[PDB]
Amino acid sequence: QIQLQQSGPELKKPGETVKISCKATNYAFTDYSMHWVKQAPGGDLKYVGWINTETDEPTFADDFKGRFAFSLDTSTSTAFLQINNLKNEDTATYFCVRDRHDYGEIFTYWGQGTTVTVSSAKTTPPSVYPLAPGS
């Protein structure tokens, strides 16, 4: 019944900053550190890092060692992944996961994912053109 409900989609712009939530259900939220994974559109399943839910001490994989931040609210049991100086490459889907007190890792329970989209574009409607046979 352990659940890891995350936040809805986010249409951010290069530079803007974004914080993302991951609510933890049915378990001792502070006895298992949370993990964050990145999945670039169409594949790219990369690992962002983790934060010790006890001490709040974050651990980043070499590459997410720049604009990423991990933090949490215990009086709710919610982890957060924030990203700064927002680049285009950042667009993808971030999932929070956790283990089962195995020391070696086994990402068992994952979040549904929250997509973060980066684009200069401001909500602009499509122009429609009819593709009548020409040949």
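Heads up: residue numbers just count along the shown sequence, starting at 1.
Taking the mean C-alpha B-factor of each stretch as recorded, 77-85 and 25-33 are not equal, and the higher mean is that of 25-33. Stretches 108-116 and 121-129 differ in mean CA B factor, with 121-129 having the higher one.
Between the residues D56, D90, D44, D63, the entry's highest C-alpha temperature factor is the one at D56.
Among all modelled residues in its chain, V97 ranks in the middle third by Cα B-factor. In this PDB entry, the Cα temperature factor of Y103 sits in the top third of its chain's modelled residues, the highest group.
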